[PDB]
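In the block that follows, a single chain appears as C-alpha cells, in the form deposited in one PDB entry.
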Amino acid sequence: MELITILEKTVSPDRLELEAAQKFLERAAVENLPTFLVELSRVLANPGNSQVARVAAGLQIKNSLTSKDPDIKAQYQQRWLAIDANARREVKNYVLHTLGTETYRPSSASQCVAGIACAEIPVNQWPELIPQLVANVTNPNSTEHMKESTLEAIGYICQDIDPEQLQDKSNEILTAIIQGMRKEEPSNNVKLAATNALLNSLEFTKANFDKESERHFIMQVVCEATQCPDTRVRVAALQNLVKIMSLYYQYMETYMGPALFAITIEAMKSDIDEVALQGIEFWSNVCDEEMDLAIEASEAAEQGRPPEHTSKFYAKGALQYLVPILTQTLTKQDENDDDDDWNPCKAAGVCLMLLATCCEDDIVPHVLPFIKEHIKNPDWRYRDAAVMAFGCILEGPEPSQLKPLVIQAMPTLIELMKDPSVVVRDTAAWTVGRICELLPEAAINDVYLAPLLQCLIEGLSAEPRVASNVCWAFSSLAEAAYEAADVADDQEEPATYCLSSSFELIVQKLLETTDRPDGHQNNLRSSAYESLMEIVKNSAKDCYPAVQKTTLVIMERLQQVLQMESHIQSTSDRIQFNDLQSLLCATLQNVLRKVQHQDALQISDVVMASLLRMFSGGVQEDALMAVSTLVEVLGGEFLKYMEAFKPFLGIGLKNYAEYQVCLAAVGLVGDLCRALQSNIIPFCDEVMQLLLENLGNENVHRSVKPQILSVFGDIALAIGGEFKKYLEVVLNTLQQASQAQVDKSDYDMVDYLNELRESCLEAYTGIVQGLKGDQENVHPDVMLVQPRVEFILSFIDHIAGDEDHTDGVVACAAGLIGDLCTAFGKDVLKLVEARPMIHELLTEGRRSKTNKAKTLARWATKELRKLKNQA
C-alpha cells in the first residue's frame, strides 16, 4: 500500500474506503510524526505525482500544523516545534521547493508554508523564509506560476500571523508585494495575488507609511492598480484604498484631493457592481472614521486635554458630490430582490444613512430635492428610491428642523402604504417605523395616529416582505407610545398611553398574522411573534387585563402545539414545528415578566408540565430559558418543582455536546441560586460535581467555561459558609483561568479573554461576598480567602495594564475592589496604592459611559476613601 495509493483514496465517495485511508494516515502520524510529514512533503514536492496525491499530501501536512480552533492550533504548533530541527528543515525545504511546480491553480504548498511559518516566525526559526519568498517574486526570470504561488504564500502568512511578528521584515515583504503589483507586470493573476497580499499586510507597515518616499511609492502603485484593465485587480486595489483610508486616515490629506476623490467617485459611478461597492464602501468608511473622531473630540473636550487625532471632515466636503450619486444608485433595485444580498442599492442606502449621521442637517438640502422630484414618479424604481432616501436621512439632522418636513409628508407616506408596488410599500412600512423611532411626534398625534394604525393593521395582511416590515413598524410605534407615557414630573411607571384604546385589536391581529402559511419569506412569523413580544413589554398598566388573557392564549397555543406530534414527519413540516415551539417559549418569557406574581403561581403548574414535555436541540435551550424566567418570577416558591426538575437540569449540564443548551442550564443554576438562596444547598453537591467536570473536560466548547466560573460566584452567594468545601478546587481553577493568555492578535479570542476575565472577577466577587455574609458584620470565614487578596489585586493590576479591557471588565474589577474593602478593610488600601495601574482603572471607570462601570468604579473609589478615613 504505497503512500501515494492511500492518499488517492482520500477522494473516494465511499464512507468505508474514506475511513480506511484515514485510519492509516492517522496511525502513521501517531506512530512517527516526523517521518510522516517528511514523507508527505516528498509526495507534494514531486511533480511526477498525480494532482490528487499532491493536494491530499498538502492537506495532511496543513491539518497537522493548524486548525480553525485557536486552542488546537497552538497545541499543533508546539508539537511541530518539538520536532527534530533537522526533520523540520527537510519538510521546509520540500514545501518551499514546491512553489511554482503545482498544476492546480490554488497552491497547496502555499498553505503548508503558512502553517509552518505561523509556528516558526514567532520563535525566529525560519530566517530563510522571507528572503526566499522575496527572491521568488523579484527574480525577473521567475515564471508566472512561481510568482503567483509565492504571493499566495505571502498572503496566507500575512493573514494568519500577528502583524507585530512581521513588523521587522515589512521592508522586504513590501518589496515583493509592490513588485508583483507594478503596472509592468505581465500576468494579471500575479497582480491579483500581489494586491490581495497587500490588503493583508497593511497592519504591520506603519514604519513604512511614516516615510514620505515609501508612502508615496505605495500610494502610486495602489492607485495605479485601480486603473488596471483587469476587473479583479481593480476591485482588490480599491479595497486596499478602503483599508488604507481607515488605517492611515491622518496621512491622506496629501492624497485625497489629487487622486483618491477622483478614483473613488468614478468607481461609484461604475456599471460594474463590484467596483461600485468599493467606491461606496470607501465613503461609508470615511463617515465611520469621522464619526469616531468627533466622539474622540467630545471625549477629550469633556476630559480637558485636546484630542490627539483630528478630523478633516472629508465626508462634509464631498457631500455635494456623493448624494446625487447615492440617490441615483438607490434606483437600481429590482423585482427579484434578496435581503442577504449586499448590492450597490443597499450599500448606497447605508452610506446615505452614515452621511446623515456624520454631516447631519447639512444633508437635507441635498436630498430633499431628489425626494420631492421622485416621490410621485410613475416608475416604481424612482418612487421607492425617493421614499428610501427620505427614510435614510431621518437620523442625523435636528428633529426640530425635521418635524415640519415629516409632518407635511405624512399624507403621501400613508398613501404610499397603499402603493401597488410591493417594493414601495416595503420601504414605506420601514420609513414609518423609522419616524416612530426618530420623530415620534409626527406619528403620535391626533390626526395621523389613527390612519397610521389603520394602514399598519391592514399591512399585516400584505405580502410577507411588507407584513414583516409592518411588524417592525408596530414594534416601534408601541415603543414610542410608551417612552412617552411617564416622565411628567415624577419617576414612576406609565398608566394608559395612546394605544391602550386599541392594544387588544393589535395583539389579536398580530396573533392572526402569526397564523399564516409558514415557510413564508422575510421571517414573517418570527417578526409577528417578535412584534407581539414588544407591544406587550411596552404596555402600560391599563393593559394588564389584555396581557393577562394573552398569557392564556400563549399557553393554550403552546399546548395545542404539543399534541401536534401527529403529523411530525418529513424535514420541513417539523422545522416549522420546532420554531413555533421556540417562538412561543420566547413569547411566554415576555408576558411572564408583565403579569402579576399571583398569575405565575396560578399558572406555574401548567407551564412546568408543558415546558417539561418539550425539553431537536433548539427547543431545549428555549425550554430551559423559559424555566429560568419562571424561576425568576416564582422565586422561592419554585422549590416545589426542584425534585421533579432535578434530573432534567442535570441533563442539560451533563450534555455540553450541544454547548447552547448546556449554557442555558448553567444560566439556570444562577437563577436557581437567586430564587432559592440557601434552600439550594441540598442540590449543590450534584450541580458542583457536573460543573467541575465540564471545566476539566477539554471537549466542552470554550464559551461555556466563563458561564460556569461566573456561576460559582452565584452559588457562593447563595450557600455562603457551605462554600468552604469547594474553595480549594474553585480558587485553584480561578488562578489558572485568570492566567489565561491568548494572542492579542485575534479579535475573537480577545473578546473571549475579556469575557473569561470578567467571569473570574464575578466568581471572586461572589466568593468574597458570600463568605463575608449579608450583614454589617464581616464573618471570619472571609479570612480563608484573605491570603488570596494580593493575587486578585495583582490580577486586576495586569488587567488594568492591558489596552484591551472593556467597560464590562472595568466594571467587575471595580466592584471587586469595593468588595475587598468592605471584607478586609484598611490593609487593602496599601496594596491597591502599591499598584498604580489599579488607580488608573478606577479613574477610567469613573469616566466611562457605561452606568455599571461608572457606578461601581465610583462606589469603589468611595469605599477606599473610608479606609483612608478610619481607625
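The term rigid core refers to the most C-alpha atoms you can superpose between the two forms while keeping them within 1.5 Å. Heads up: residue numbers just count along the shown sequence, starting at 1.
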**OP:** Check the residues of the deposited sequence separating residue 615 from residue 616 and report how many of them have no coordinates, as none, 1 to 3, 4 to 9, or 10 or more.
**Re:** 4 to 9
Original post:
For the C-alpha atoms alone, is the average B factor greater in 647 to 655 or in 265 to 273, going by the entry?
Top reply: 647 to 655
Original post:
Comparing 704 to 712 with 545 to 553, which stretch shows the greater average C-alpha B-factor in the deposited entry?
Top reply: 545 to 553
**OP:** Using the temperature factors in the entry, find which of 97, 594, 232, 215 has the highest value at its Cα atom.
**Re:** 594
Original post:
Which one of 399, 766, 163, 670 shows the top CA temperature factor in the record?
Top reply: 399
**OP:** Taking the values exactly as deposited, rank residue 9 by C-alpha B-factor within its chain and report the matching third: lowest, middle or highest.
**Re:** lowest
Original post:
What third of its chain's C-alpha B-factors does residue 755 belong to: lowest, middle or highest?
Top reply: lowest
**OP:** Pull the Cα B-factor of residue 420 out of the PDB entry and bin it into the chain's lowest, middle or highest third.
**Re:** highest
Subject >> Chain third (lowest, middle, highest) by recorded CA B-factor, residue given as residue 80 >> reply: lowest
Original post:
So where's residue 306 on the chain's Cα temperature factor ranking, which third?
Top reply: highest
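The next section is about a form of this same protein that is not shown, the form deposited in another entry.
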Original post:
Just one of 289, 426, 762, 152 has a C-alpha that shifts by 2 Å or more between the shown form and the other one on a rigid core fit; which is it?
Top reply: 762
Original post:
2 Å or more on the CA of residue 840 between the shown form and the other one, with the rigid core superposed, yes or no?
Top reply: yes
Original post:
Does residue 39 count as moved between the shown form and the other one, where moved means a C-alpha shift of 2 angstroms or more after fitting the rigid core?
Top reply: no
Original post:
Honestly, after the rigid core fit, is residue 821 moving at least 2 Å at Cα between the shown form and the other one?
Top reply: yes
**OP:** Work out whether the Cα atoms of residue 309 and residue 840 come closer together or move farther apart in the other form than they are in this form, the change being 3 angstroms or more.
**Re:** farther
Subject >> Direction of the Cα shift between residue 308 and residue 804 in the other form, where the change is 3 Å or more >> reply: closer
